Protein chains: 4
Amino acid sequence: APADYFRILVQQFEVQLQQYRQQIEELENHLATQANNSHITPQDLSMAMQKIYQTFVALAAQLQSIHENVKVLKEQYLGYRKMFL
Amino acid sequence: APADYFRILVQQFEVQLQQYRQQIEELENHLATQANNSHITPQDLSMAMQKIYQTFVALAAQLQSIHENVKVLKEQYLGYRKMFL
Amino acid sequence: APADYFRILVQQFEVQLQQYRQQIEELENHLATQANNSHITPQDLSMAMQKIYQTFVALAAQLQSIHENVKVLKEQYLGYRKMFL
Amino acid sequence: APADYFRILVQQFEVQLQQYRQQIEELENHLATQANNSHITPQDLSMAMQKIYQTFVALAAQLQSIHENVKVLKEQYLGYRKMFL
């Protein structure tokens with residue numbers, strides 16, 4: 001600590017960004033499937049866009065949590081700097 | 001004529017989702033290198049999160065445009081469907 | 001029927017290429033964490049390289065499998081064209 | 001230090017693996033493109049496979065170059081080991 005703490009926060013950011021990326025990839029491939037199995041439809045397009053917004057809301061929650069943690073770290077360092085002047 | 005338009009709307013959605021995934025892939029690959037040579041800093045994490053939000057706001061604009069186009073196609077679809085029924 | 005057979009061969013190719021990507025991407029994600037928070041013995045670099053080669057040999061077996069099927073399809077196409085001329 | 005050199009070797013591996021993934025992804029999107037346009041053809045499948053083999057041979061060359069460097073590093077450590085006995 002505290003570099004260990006931040007190292008965990010960074011590991012979390014990366015891993016979350018990967019999961020998200022692969023959720024998007026799953027969509028791209030789901031469409032690539034129903035592009036040569038049966039031309040894509042409006043219904044498909046709408047549920048897809050819907051899955052995009054949804055999965056991003058999830059990602060954003062994750063990023064917000066990470067943001068809170070780093071903000072705490074910043075406030076701690078701050079206090080130290082306020083004492084030292 | 002309709003199927004063609006929507007075919008182009010589908011092509012747009014896919015290629016937009018591709019570009020998006022590429023930008024995110026760049027971010028990740030940038031953190032995987034800027035963490036190997038030296039150590040990622042809270043500044044990097046912050047700017048990365050920021051670029052994610054910006055990148056999604058862009059993608060979202062693209063998606064809304066596509067959504068308007070399909071909505072129009074739906075308006076016409078109902079234009080006929082209402083007369084014949 | 002010929003178009004259908006080939007259609008299946010085509011989505012088999014794409015999907016095999018997808019899974020191949022996932023295997024790689026995964027290998028990279030394992031390095032973007034186990035090497036950015038800690039160090040990594042060269043023999044782990046060797047293990048990764050070895051997983052690359054093995055994963056490719058698998059992919060190549062898949063590709064040759066589908067290649068045989070298109071080759072047969074070509075032989076049939078050829079038989080028809082030859083009788084006709 | 002030998003850690004700096006090997007650190008560069010690791011950065012090379014990762015970056016070459018990302019590049020590789022990008023070439024495969026590009027080719028993988030190219031098929032998604034020429035699927036919604038017309039229909040993927042045996043010509044396409046053939047050239048695509050050829051692209052896979054060709055791109056992997058390049059990747060393997062890169063990996064071989066890396067392997068020789070780590071090999072040298074190992075022989076060096078070895079020379080030290082034989083002295084210490």
# chains A, B, ... in the order shown; residues from 1 in each chain; ligands from 1
$ interface_residues --of "chain D" --to "chain C" --cutoff "10 Å" --atoms "only C-alpha atoms" --output "PyMOL selection string"
chain D and resi 3+6-7+9-10+13-15+17-18+20-22+24-25+27-29+31-32+35+39-42+44-46+48-49+52-53+56+59-60+63-64+66-67+70-71+73-74
$ calpha_fit_and_write --fixed "chain B" --moving "chain A" --output "PDB file with C-alpha atoms, in the first residue's frame"
ATOM      1  CA  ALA A   1     -35.379  -0.888 -51.567  1.00  0.00           C
ATOM      2  CA  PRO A   2     -36.515  -0.973 -48.928  1.00  0.00           C
ATOM      3  CA  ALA A   3     -34.496  -4.039 -47.901  1.00  0.00           C
ATOM      4  CA  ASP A   4     -31.535  -2.338 -49.583  1.00  0.00           C
ATOM      5  CA  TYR A   5     -32.001   0.711 -47.361  1.00  0.00           C
ATOM      6  CA  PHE A   6     -32.135  -1.392 -44.203  1.00  0.00           C
ATOM      7  CA  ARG A   7     -29.162  -3.380 -45.490  1.00  0.00           C
ATOM      8  CA  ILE A   8     -27.201  -0.130 -45.581  1.00  0.00           C
ATOM      9  CA  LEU A   9     -28.391   0.707 -42.057  1.00  0.00           C
ATOM     10  CA  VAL A  10     -27.183  -2.684 -40.828  1.00  0.00           C
ATOM     11  CA  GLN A  11     -23.841  -2.315 -42.582  1.00  0.00           C
ATOM     12  CA  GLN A  12     -23.511   1.020 -40.784  1.00  0.00           C
ATOM     13  CA  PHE A  13     -24.354  -0.460 -37.388  1.00  0.00           C
ATOM     14  CA  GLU A  14     -21.758  -3.227 -37.722  1.00  0.00           C
ATOM     15  CA  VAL A  15     -18.980  -0.994 -39.038  1.00  0.00           C
ATOM     16  CA  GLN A  16     -19.612   1.561 -36.276  1.00  0.00           C
ATOM     17  CA  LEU A  17     -19.544  -1.174 -33.655  1.00  0.00           C
ATOM     18  CA  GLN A  18     -16.174  -2.314 -35.016  1.00  0.00           C
ATOM     19  CA  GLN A  19     -14.599   1.156 -35.041  1.00  0.00           C
ATOM     20  CA  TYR A  20     -15.799   1.597 -31.465  1.00  0.00           C
ATOM     21  CA  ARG A  21     -14.427  -1.783 -30.432  1.00  0.00           C
ATOM     22  CA  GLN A  22     -11.016  -0.928 -31.877  1.00  0.00           C
ATOM     23  CA  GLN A  23     -10.977   2.480 -30.200  1.00  0.00           C
ATOM     24  CA  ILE A  24     -11.433   0.565 -26.952  1.00  0.00           C
ATOM     25  CA  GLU A  25      -8.705  -1.898 -27.952  1.00  0.00           C
ATOM     26  CA  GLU A  26      -6.354   1.008 -28.606  1.00  0.00           C
ATOM     27  CA  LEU A  27      -6.931   2.046 -24.995  1.00  0.00           C
ATOM     28  CA  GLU A  28      -6.349  -1.457 -23.623  1.00  0.00           C
ATOM     29  CA  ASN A  29      -3.053  -1.579 -25.514  1.00  0.00           C
ATOM     30  CA  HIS A  30      -2.094   1.968 -24.547  1.00  0.00           C
ATOM     31  CA  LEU A  31      -2.383   0.814 -20.934  1.00  0.00           C
ATOM     32  CA  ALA A  32      -0.656  -2.502 -21.625  1.00  0.00           C
ATOM     33  CA  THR A  33       2.185  -0.346 -22.938  1.00  0.00           C
ATOM     34  CA  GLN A  34       2.379   1.992 -19.945  1.00  0.00           C
ATOM     35  CA  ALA A  35       2.122  -1.043 -17.659  1.00  0.00           C
ATOM     36  CA  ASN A  36       5.509  -2.474 -18.647  1.00  0.00           C
ATOM     37  CA  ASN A  37       7.097   0.842 -19.638  1.00  0.00           C
ATOM     38  CA  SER A  38       6.109   2.747 -16.499  1.00  0.00           C
ATOM     39  CA  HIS A  39       3.498   1.620 -13.967  1.00  0.00           C
ATOM     40  CA  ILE A  40       0.138   3.250 -14.703  1.00  0.00           C
ATOM     41  CA  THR A  41      -0.850   6.365 -12.744  1.00  0.00           C
ATOM     42  CA  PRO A  42      -4.106   7.949 -11.482  1.00  0.00           C
ATOM     43  CA  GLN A  43      -3.774  10.611 -14.184  1.00  0.00           C
ATOM     44  CA  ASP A  44      -3.739   7.827 -16.765  1.00  0.00           C
ATOM     45  CA  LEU A  45      -6.741   6.079 -15.223  1.00  0.00           C
ATOM     46  CA  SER A  46      -8.784   9.288 -15.275  1.00  0.00           C
ATOM     47  CA  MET A  47      -7.990  10.257 -18.866  1.00  0.00           C
ATOM     48  CA  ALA A  48      -8.794   6.669 -19.843  1.00  0.00           C
ATOM     49  CA  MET A  49     -12.214   6.583 -18.187  1.00  0.00           C
ATOM     50  CA  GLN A  50     -12.740   9.973 -19.797  1.00  0.00           C
ATOM     51  CA  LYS A  51     -11.954   8.533 -23.224  1.00  0.00           C
ATOM     52  CA  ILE A  52     -14.416   5.713 -22.520  1.00  0.00           C
ATOM     53  CA  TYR A  53     -17.348   8.020 -21.762  1.00  0.00           C
ATOM     54  CA  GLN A  54     -16.455  10.273 -24.703  1.00  0.00           C
ATOM     55  CA  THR A  55     -16.162   7.503 -27.291  1.00  0.00           C
ATOM     56  CA  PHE A  56     -19.440   6.047 -26.063  1.00  0.00           C
ATOM     57  CA  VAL A  57     -21.201   9.391 -26.464  1.00  0.00           C
ATOM     58  CA  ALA A  58     -19.983   9.369 -30.068  1.00  0.00           C
ATOM     59  CA  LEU A  59     -21.159   5.788 -30.579  1.00  0.00           C
ATOM     60  CA  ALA A  60     -24.539   6.689 -29.101  1.00  0.00           C
ATOM     61  CA  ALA A  61     -24.974   9.570 -31.525  1.00  0.00           C
ATOM     62  CA  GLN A  62     -24.296   7.127 -34.370  1.00  0.00           C
ATOM     63  CA  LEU A  63     -26.793   4.606 -32.977  1.00  0.00           C
ATOM     64  CA  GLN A  64     -29.378   7.344 -32.511  1.00  0.00           C
ATOM     65  CA  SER A  65     -29.112   8.324 -36.166  1.00  0.00           C
ATOM     66  CA  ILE A  66     -29.572   4.688 -37.183  1.00  0.00           C
ATOM     67  CA  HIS A  67     -32.549   4.496 -34.822  1.00  0.00           C
ATOM     68  CA  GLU A  68     -34.185   7.491 -36.490  1.00  0.00           C
ATOM     69  CA  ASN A  69     -33.817   5.916 -39.924  1.00  0.00           C
ATOM     70  CA  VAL A  70     -35.365   2.603 -38.872  1.00  0.00           C
ATOM     71  CA  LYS A  71     -38.157   4.517 -37.121  1.00  0.00           C
ATOM     72  CA  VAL A  72     -38.986   6.210 -40.423  1.00  0.00           C
ATOM     73  CA  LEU A  73     -39.045   2.804 -42.108  1.00  0.00           C
ATOM     74  CA  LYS A  74     -41.426   1.631 -39.385  1.00  0.00           C
ATOM     75  CA  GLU A  75     -43.740   4.606 -39.893  1.00  0.00           C
ATOM     76  CA  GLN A  76     -43.826   3.945 -43.644  1.00  0.00           C
ATOM     77  CA  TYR A  77     -44.752   0.290 -43.215  1.00  0.00           C
ATOM     78  CA  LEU A  78     -47.256   1.542 -40.648  1.00  0.00           C
ATOM     79  CA  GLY A  79     -49.026   3.836 -43.103  1.00  0.00           C
ATOM     80  CA  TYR A  80     -49.266   0.964 -45.563  1.00  0.00           C
ATOM     81  CA  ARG A  81     -50.832  -1.151 -42.805  1.00  0.00           C
ATOM     82  CA  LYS A  82     -53.252   1.626 -41.834  1.00  0.00           C
ATOM     83  CA  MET A  83     -54.554   1.776 -45.404  1.00  0.00           C
ATOM     84  CA  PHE A  84     -54.834  -2.003 -45.767  1.00  0.00           C
ATOM     85  CA  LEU A  85     -56.297  -2.355 -42.268  1.00  0.00           C
TER      86      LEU A  85
END
$ select_by_dssp --residues "chain B" --states "helix (DSSP H, G or I)" --output "PyMOL selection string"
chain B and resi 2-31+42-83
